[PDB]
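**Student:** Attaching a single structure in structure tokens format; questions to follow.
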Amino acid sequence: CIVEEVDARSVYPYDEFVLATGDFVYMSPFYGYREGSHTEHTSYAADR
Amino acid sequence: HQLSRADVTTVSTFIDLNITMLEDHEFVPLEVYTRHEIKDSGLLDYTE
């Protein structure tokens, strides 16, 4: 089991971001449930 | 009586010409984006 604090970077329009490992995350950094953040981009199922 | 030249009204035959020197000016270095900024604009740095 490995836990790593990493820097994450996102470019406009901020529909995805990358980690220091080079792994992409195909979700907006600003995705959420409040203030209309549920309209932000996600490429993953809701259970993820 | 006796007078000084300051006691006599003075009119001028001279035509005025007021030439002033162009002043020194300093040009500071100025860049819109530093090369560090240009390097950092990439999302993923392969070397890092």
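**Student:** What do you get for chymotrypsin sites (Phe, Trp or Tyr not before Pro) in chain A restricted to DSSP loop and a cutoff of at most 12 other Cβ within 10 Å of the site's Cβ? Walk me through the numbers before you get to the answer.
**Tutor:** On the way: sites: A:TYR14, A:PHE17, A:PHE24, A:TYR26, A:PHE30, A:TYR31, A:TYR33, A:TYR44; in loops: A:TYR14, A:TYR26, A:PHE30, A:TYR31, A:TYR33, A:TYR44.
Those satisfying the criteria are A:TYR26, A:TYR33, A:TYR44.
**Student:** Between A:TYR14 and B:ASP24, how many nm apart are label points set 7 Å from Cα along the C-beta direction?
**Tutor:** Result: 4.8 nm between the two label points.
**Student:** Select from B:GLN2, B:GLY42, B:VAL32 the residue farthest towards the positive end of the dipole of chain B; place +1 on Cβ of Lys and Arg, -1 on Cβ of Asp and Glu, and compute about the Cα centre.
**Tutor:** Comparing the listed Cα positions along the dipole, B:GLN2 ranks first.
**Student:** What is the mean number of Cβ atoms from other protein chains located within 10 Å of the Cβ atom of each residue in peptide A:21-27, rounded to a whole number? Working shown, then result.
**Tutor:** Working: counts 0, 4, 1, 2, 0, 0, 0.
Neighbouring Cβ atoms belonging to other protein chains average 1 per residue here.
**Student:** If you average the C-alpha positions of segment B:5-48 and of segment A:18-48 separately, how far apart do those two centres end up, in angstrom?
**Tutor:** Here the two parts' Cα centres lie 50 Å apart.
**Student:** Can you give the Rg to Rh ratio for chain B, taking only C-alpha atoms and Rh from Kirkwood? All intermediate terms of the calculation are to be shown ahead of the outcome.
**Tutor:** Numbers: Rg = 32.6 Å, Rh = 18.8 Å.
With Rh from the inverse mean 1/r over Cα pairs, Rg/Rh is 1.73.
Backbone-built Cβ (ideal geometry, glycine too); neighbour counts: all protein chains shown. Read the figures in this text as sums done on the coordinates, not as results from a lab.
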